[PDB]
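Structure file work36.cif; described as mmCIF, C-alpha atoms and all ligand atoms.
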```cif
data_data
#
loop_
_atom_site.label_atom_id
_atom_site.label_comp_id
_atom_site.auth_asym_id
_atom_site.auth_seq_id
_atom_site.Cartn_x
_atom_site.Cartn_y
_atom_site.Cartn_z
CA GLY C 2 -43.35 -1.86 -25.75
CA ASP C 3 -40.28 -0.37 -27.40
CA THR C 4 -37.41 1.13 -25.40
CA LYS C 5 -34.28 3.06 -26.33
CA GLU C 6 -32.14 0.13 -25.16
CA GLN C 7 -34.09 -2.32 -27.37
CA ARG C 8 -33.59 0.13 -30.25
CA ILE C 9 -29.83 0.27 -29.73
CA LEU C 10 -29.69 -3.52 -29.72
CA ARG C 11 -31.88 -3.77 -32.87
CA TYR C 12 -29.70 -1.25 -34.68
CA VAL C 13 -26.58 -3.29 -33.88
CA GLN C 14 -28.16 -6.57 -34.99
CA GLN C 15 -29.24 -4.96 -38.25
CA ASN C 16 -26.02 -3.10 -39.11
CA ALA C 17 -23.08 -4.72 -37.32
CA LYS C 18 -21.65 -8.15 -38.08
CA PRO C 19 -22.00 -11.08 -35.65
CA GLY C 20 -18.68 -12.12 -34.10
CA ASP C 21 -17.19 -8.72 -34.95
CA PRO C 22 -16.94 -6.68 -31.71
CA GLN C 23 -15.46 -3.69 -33.55
CA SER C 24 -18.46 -3.36 -35.88
CA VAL C 25 -20.71 -3.56 -32.83
CA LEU C 26 -18.87 -0.67 -31.17
CA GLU C 27 -19.11 1.33 -34.38
CA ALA C 28 -22.86 0.66 -34.72
CA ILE C 29 -23.54 1.77 -31.14
CA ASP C 30 -21.44 4.92 -31.49
CA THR C 31 -23.14 5.73 -34.76
CA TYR C 32 -26.55 5.18 -33.23
CA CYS C 33 -25.89 7.26 -30.15
CA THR C 34 -24.34 10.13 -32.10
CA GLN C 35 -26.72 10.17 -35.10
CA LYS C 36 -30.05 8.59 -34.17
CA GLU C 37 -30.79 8.85 -30.46
CA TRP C 38 -28.76 10.02 -27.45
CA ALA C 39 -27.96 7.37 -24.87
CA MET C 40 -25.71 7.00 -21.84
CA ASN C 41 -22.62 5.88 -23.71
CA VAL C 42 -18.94 6.00 -22.92
CA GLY C 43 -18.36 6.78 -26.63
CA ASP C 44 -15.38 6.11 -28.90
CA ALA C 45 -13.05 8.79 -27.51
CA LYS C 46 -13.08 7.52 -23.94
CA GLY C 47 -13.19 4.04 -25.44
CA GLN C 48 -9.72 4.65 -26.90
CA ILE C 49 -8.46 5.46 -23.40
CA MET C 50 -10.06 2.26 -22.07
CA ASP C 51 -8.41 0.25 -24.88
CA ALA C 52 -4.99 1.69 -24.02
CA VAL C 53 -5.37 0.85 -20.32
CA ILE C 54 -6.47 -2.70 -21.13
CA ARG C 55 -3.55 -3.11 -23.50
CA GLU C 56 -1.05 -1.64 -21.06
CA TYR C 57 -2.04 -3.81 -18.07
CA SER C 58 -3.54 -6.83 -19.87
CA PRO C 59 -5.78 -7.68 -16.88
CA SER C 60 -6.82 -11.31 -16.44
CA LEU C 61 -9.84 -10.46 -14.31
CA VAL C 62 -11.87 -7.29 -14.84
CA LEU C 63 -14.89 -6.09 -12.89
CA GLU C 64 -17.22 -3.64 -14.62
CA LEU C 65 -19.83 -1.66 -12.63
CA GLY C 66 -22.83 -0.52 -14.71
CA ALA C 67 -23.00 -2.48 -17.98
CA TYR C 68 -26.11 -0.65 -19.29
CA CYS C 69 -26.41 -1.94 -22.89
CA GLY C 70 -23.04 -3.67 -23.04
CA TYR C 71 -20.96 -1.09 -24.91
CA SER C 72 -18.09 -1.04 -22.38
CA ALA C 73 -18.37 -4.78 -21.86
CA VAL C 74 -17.85 -5.29 -25.62
CA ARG C 75 -15.11 -2.68 -25.60
CA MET C 76 -13.15 -4.38 -22.83
CA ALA C 77 -13.92 -8.07 -23.41
CA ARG C 78 -12.79 -7.90 -27.04
CA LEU C 79 -9.26 -7.07 -25.83
CA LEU C 80 -9.08 -9.79 -23.20
CA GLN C 81 -6.77 -12.78 -23.70
CA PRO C 82 -7.93 -16.39 -23.70
CA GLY C 83 -8.66 -17.34 -20.10
CA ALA C 84 -9.19 -13.71 -19.12
CA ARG C 85 -12.62 -12.90 -17.64
CA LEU C 86 -14.90 -9.89 -17.44
CA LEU C 87 -17.45 -9.80 -14.63
CA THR C 88 -20.02 -7.11 -15.27
CA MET C 89 -22.69 -5.89 -12.87
CA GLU C 90 -25.95 -4.35 -14.04
CA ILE C 91 -28.69 -3.35 -11.62
CA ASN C 92 -31.58 -3.27 -14.15
CA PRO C 93 -32.91 -6.66 -15.37
CA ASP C 94 -33.90 -5.45 -18.83
CA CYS C 95 -30.54 -3.78 -19.39
CA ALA C 96 -28.83 -6.94 -18.17
CA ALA C 97 -30.79 -8.89 -20.81
CA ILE C 98 -29.80 -6.39 -23.52
CA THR C 99 -26.15 -6.58 -22.43
CA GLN C 100 -26.25 -10.36 -22.71
CA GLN C 101 -27.69 -10.28 -26.22
CA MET C 102 -25.22 -7.57 -27.19
CA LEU C 103 -22.31 -9.72 -26.07
CA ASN C 104 -23.83 -12.80 -27.70
CA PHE C 105 -24.06 -10.96 -31.00
CA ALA C 106 -20.47 -9.72 -30.61
CA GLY C 107 -19.32 -13.32 -29.99
CA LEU C 108 -17.91 -12.42 -26.58
CA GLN C 109 -20.43 -14.21 -24.38
CA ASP C 110 -17.87 -16.81 -23.23
CA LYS C 111 -15.55 -14.14 -21.78
CA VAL C 112 -18.17 -12.34 -19.71
CA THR C 113 -20.31 -13.13 -16.68
CA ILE C 114 -23.25 -10.77 -16.25
CA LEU C 115 -24.45 -10.30 -12.67
CA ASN C 116 -27.86 -8.67 -12.32
CA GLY C 117 -27.95 -6.84 -9.00
CA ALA C 118 -26.73 -3.90 -6.95
CA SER C 119 -22.95 -3.46 -6.63
CA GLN C 120 -22.97 -3.31 -2.83
CA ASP C 121 -24.82 -6.67 -2.75
CA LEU C 122 -22.78 -8.50 -5.37
CA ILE C 123 -19.25 -7.27 -4.65
CA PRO C 124 -19.03 -9.16 -1.32
CA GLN C 125 -20.06 -12.42 -3.04
CA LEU C 126 -17.32 -12.35 -5.65
CA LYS C 127 -14.81 -14.35 -3.59
CA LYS C 128 -17.24 -17.06 -2.51
CA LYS C 129 -19.53 -17.50 -5.50
CA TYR C 130 -17.51 -16.35 -8.49
CA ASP C 131 -14.16 -17.80 -7.39
CA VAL C 132 -12.38 -14.48 -7.35
CA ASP C 133 -9.13 -13.90 -5.51
CA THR C 134 -8.26 -10.34 -6.46
CA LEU C 135 -9.30 -8.14 -9.39
CA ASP C 136 -6.78 -6.85 -11.90
CA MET C 137 -8.97 -3.98 -13.06
CA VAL C 138 -12.23 -2.29 -12.11
CA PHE C 139 -14.24 -0.08 -14.47
CA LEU C 140 -16.68 2.21 -12.66
CA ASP C 141 -19.54 3.66 -14.70
CA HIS C 142 -22.60 2.98 -12.55
CA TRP C 143 -24.31 5.42 -10.15
CA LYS C 144 -21.93 8.26 -9.45
CA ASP C 145 -22.66 8.52 -5.70
CA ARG C 146 -21.55 4.89 -5.42
CA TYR C 147 -18.03 5.25 -6.77
CA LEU C 148 -16.53 6.11 -3.37
CA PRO C 149 -18.45 3.64 -1.19
CA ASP C 150 -17.97 0.72 -3.62
CA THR C 151 -14.24 1.46 -3.90
CA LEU C 152 -14.03 1.32 -0.08
CA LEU C 153 -16.08 -1.89 -0.20
CA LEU C 154 -13.80 -3.47 -2.81
CA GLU C 155 -10.86 -2.66 -0.56
CA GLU C 156 -12.34 -3.98 2.62
CA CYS C 157 -13.47 -7.18 0.84
CA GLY C 158 -9.86 -7.92 -0.16
CA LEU C 159 -10.54 -7.62 -3.89
CA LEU C 160 -7.81 -5.07 -4.61
CA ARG C 161 -4.11 -5.98 -4.79
CA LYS C 162 -1.08 -3.79 -5.37
CA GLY C 163 -1.24 -2.82 -9.03
CA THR C 164 -5.02 -3.19 -9.45
CA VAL C 165 -6.22 -0.50 -11.86
CA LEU C 166 -9.45 1.40 -11.11
CA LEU C 167 -10.75 3.38 -14.06
CA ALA C 168 -13.76 5.58 -13.43
CA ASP C 169 -15.85 7.47 -15.95
CA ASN C 170 -17.69 10.79 -15.58
CA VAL C 171 -15.56 11.99 -12.67
CA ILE C 172 -15.90 15.59 -13.93
CA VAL C 173 -19.35 15.55 -15.60
CA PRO C 174 -21.62 15.24 -13.76
CA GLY C 175 -18.69 14.66 -11.42
CA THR C 176 -17.58 12.44 -8.55
CA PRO C 177 -15.68 14.90 -6.32
CA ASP C 178 -15.90 12.76 -3.16
CA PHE C 179 -14.34 9.81 -5.00
CA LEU C 180 -11.61 12.02 -6.51
CA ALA C 181 -10.76 13.72 -3.23
CA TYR C 182 -10.44 10.34 -1.56
CA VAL C 183 -8.35 8.44 -4.14
CA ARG C 184 -6.10 11.37 -5.03
CA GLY C 185 -5.50 12.18 -1.36
CA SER C 186 -5.01 8.60 -0.19
CA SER C 187 -1.53 7.07 -0.35
CA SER C 188 -3.30 3.82 -1.30
CA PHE C 189 -4.02 5.10 -4.83
CA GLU C 190 -1.70 6.47 -7.46
CA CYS C 191 -3.94 8.64 -9.63
CA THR C 192 -3.89 10.05 -13.13
CA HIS C 193 -6.59 11.93 -15.02
CA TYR C 194 -7.60 11.50 -18.66
CA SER C 195 -9.52 14.45 -20.05
CA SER C 196 -12.01 13.80 -22.85
CA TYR C 197 -14.50 16.09 -24.53
CA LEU C 198 -18.23 15.44 -24.56
CA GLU C 199 -18.88 17.08 -27.93
CA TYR C 200 -22.66 16.77 -27.66
CA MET C 201 -22.63 18.57 -24.30
CA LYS C 202 -19.72 20.80 -25.35
CA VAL C 203 -18.00 20.29 -21.99
CA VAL C 204 -14.80 18.58 -20.90
CA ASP C 205 -15.20 15.38 -18.93
CA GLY C 206 -12.56 12.94 -17.75
CA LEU C 207 -11.69 9.47 -16.58
CA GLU C 208 -9.71 8.89 -13.43
CA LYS C 209 -7.20 6.07 -13.28
CA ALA C 210 -6.35 5.06 -9.72
CA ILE C 211 -3.80 2.33 -9.18
CA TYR C 212 -4.11 0.54 -5.87
CA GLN C 213 -0.89 0.69 -3.86
CA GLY C 214 -1.91 -1.52 -0.94
CA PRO C 215 -3.64 -0.72 2.36
CA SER C 216 -2.57 2.21 4.58
CA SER C 217 0.20 1.32 7.08
CA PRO C 218 -0.53 1.64 10.84
CA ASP C 219 1.49 4.17 12.91
CA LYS C 220 4.75 2.98 14.52
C1 LIG K 301 -31.94 5.67 -13.93
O1 LIG K 301 -31.65 4.47 -13.25
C2 LIG K 301 -30.44 3.89 -13.66
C3 LIG K 301 -29.45 4.70 -14.26
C4 LIG K 301 -28.21 4.11 -14.68
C5 LIG K 301 -28.01 2.78 -14.50
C6 LIG K 301 -26.70 2.14 -14.92
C7 LIG K 301 -26.83 1.47 -16.24
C8 LIG K 301 -26.41 1.12 -13.87
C9 LIG K 301 -26.19 1.36 -12.51
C10 LIG K 301 -25.96 0.08 -11.98
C11 LIG K 301 -25.66 -0.23 -10.43
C12 LIG K 301 -25.99 0.56 -9.33
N1 LIG K 301 -25.57 -0.09 -8.26
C13 LIG K 301 -25.72 0.40 -6.92
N2 LIG K 301 -25.01 -1.20 -8.58
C14 LIG K 301 -25.02 -1.38 -9.89
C15 LIG K 301 -24.46 -2.56 -10.67
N3 LIG K 301 -26.03 -0.81 -12.96
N4 LIG K 301 -26.29 -0.20 -14.05
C16 LIG K 301 -29.01 1.98 -13.89
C17 LIG K 301 -30.24 2.55 -13.47
NA NA K 302 -20.38 7.03 -18.38
NA NA K 303 -3.44 9.18 -4.14
#
```
Show the structure stored in the file as structure tokens.
Amino acid sequence: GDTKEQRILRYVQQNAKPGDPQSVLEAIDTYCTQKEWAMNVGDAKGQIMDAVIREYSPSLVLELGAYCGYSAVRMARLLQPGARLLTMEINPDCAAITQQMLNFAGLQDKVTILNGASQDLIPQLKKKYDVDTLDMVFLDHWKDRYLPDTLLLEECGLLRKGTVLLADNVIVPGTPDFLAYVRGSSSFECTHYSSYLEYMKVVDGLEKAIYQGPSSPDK
């Protein structure tokens, strides 16, 4: 039967233009703001994402929580030739939607979709997906997983000095354990990007946390 995620994809395929990532973003934002609410980063936070991507021009990006592919389209469209997005999506049907979304956008060659749980896939990146270290991580999956997966990324050797973590929804509904950790730790240099959720009429924010390297042992 029909699902909201199938409806988002159908709306894009009807109204956007194939090979035009920007029209795809605009169709999804129009849909989610005019037709039917959906978990969506939205254009305002999307601008912040764009600016981070443009500032750091990452060659290898890991996304946690693709959902329908909005953020994957958002980020992958700004990646250079040879740059890669790896995106993880725990739900098989959403992973399928994300693939079709990216196919329509013409971005399928820049993205690898991994269908599984973050804590299961993250430790396979080095072996199976030929990853050394990540240049950027976008966290937008389950909120209680931001802190443990960040710790996991670190202990797996996937962060290097200068790796940018960018996490959504750290205020609403909030990830206070993640924030307390990264802001307090000398291993992360943190900044906060406030953005309004107009539909909920509440301020939310993204946290940017730049990995500084592991903590030094006592002398
Ligand atoms: C109501 O159930 C859900 C609510 C939101 C989602 C988002 C789209 C999501 C979360 C993840 C995910 C979770 N882990 C531990 N690792 C990964 C990868 N992938 N995508 C999925 C299910
Ligand atoms: Na989000
Ligand atoms: Na810090």
(request) Enumerate residues in contact with ligand NA 302 (chain K): an atom-to-atom distance of at most 7 Å, counting all atoms listed in the file. Format the result as number ranges by chain. (result) C: 40-42, 141, 169-170
Print the selection's residues with C-alpha atoms to a file, as a PDB file, in the frame of the given file.
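Output file selection-v7.pdb follows:
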```
ATOM      1  CA  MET C  40     -25.710   7.000 -21.840  1.00  0.00           C
ATOM      2  CA  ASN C  41     -22.620   5.880 -23.710  1.00  0.00           C
ATOM      3  CA  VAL C  42     -18.940   6.000 -22.920  1.00  0.00           C
ATOM      4  CA  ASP C 141     -19.540   3.660 -14.700  1.00  0.00           C
ATOM      5  CA  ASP C 169     -15.850   7.470 -15.950  1.00  0.00           C
ATOM      6  CA  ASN C 170     -17.690  10.790 -15.580  1.00  0.00           C
TER       7      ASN C 170
END
```
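If you look at atom CA of residue 49 of chain C and atom CA of residue 18 of chain C, they are 24.0 Å away from each other.
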(request) Kindly give the distance, in Å, that separates atom CA of residue 10 of chain C and atom CA of residue 103 of chain C, rounded to a single decimal. (result) 10.3 Å
Around ligand LIG 301 (chain K), which protein and nucleic acid residues have at least one atom no more than 7 Å from it, if we count all atoms listed in the file? List them as a PDB file with C-alpha atoms, in the coordinates of the input.
```pdb
ATOM      1  CA  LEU C  65     -19.830  -1.660 -12.630  1.00  0.00           C
ATOM      2  CA  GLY C  66     -22.830  -0.520 -14.710  1.00  0.00           C
ATOM      3  CA  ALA C  67     -23.000  -2.480 -17.980  1.00  0.00           C
ATOM      4  CA  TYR C  68     -26.110  -0.650 -19.290  1.00  0.00           C
ATOM      5  CA  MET C  89     -22.690  -5.890 -12.870  1.00  0.00           C
ATOM      6  CA  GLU C  90     -25.950  -4.350 -14.040  1.00  0.00           C
ATOM      7  CA  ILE C  91     -28.690  -3.350 -11.620  1.00  0.00           C
ATOM      8  CA  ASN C  92     -31.580  -3.270 -14.150  1.00  0.00           C
ATOM      9  CA  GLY C 117     -27.950  -6.840  -9.000  1.00  0.00           C
ATOM     10  CA  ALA C 118     -26.730  -3.900  -6.950  1.00  0.00           C
ATOM     11  CA  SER C 119     -22.950  -3.460  -6.630  1.00  0.00           C
ATOM     12  CA  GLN C 120     -22.970  -3.310  -2.830  1.00  0.00           C
ATOM     13  CA  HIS C 142     -22.600   2.980 -12.550  1.00  0.00           C
ATOM     14  CA  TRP C 143     -24.310   5.420 -10.150  1.00  0.00           C
ATOM     15  CA  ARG C 146     -21.550   4.890  -5.420  1.00  0.00           C
TER      16      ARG C 146
END
```
(message) Env of residue 55 of chain C: 12 Å cut, atoms = all atoms listed in the file, seq-sep filter 5 positions within chain, self excluded. Answer as number ranges by chain.
(response) C: 48-50, 60, 75-81, 137
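Proximity ranking of C:106, C:61, C:83, C:101 relative to residue 27 of chain C places C:106 first, based on only C-alpha atoms.
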(request) May I ask which of the residues C:201, C:39, C:165, C:69 is the closest one to residue 96 of chain C, counting all atoms listed in the file? (result) C:69
(message) List as a ChimeraX atom specification the protein and nucleic acid residues near residue 111 of chain C, meaning an atom at most 7 Å away when all atoms listed in the file are counted, but skip any in the same chain fewer than 3 places from it.
(response) /C:77,84-86,108
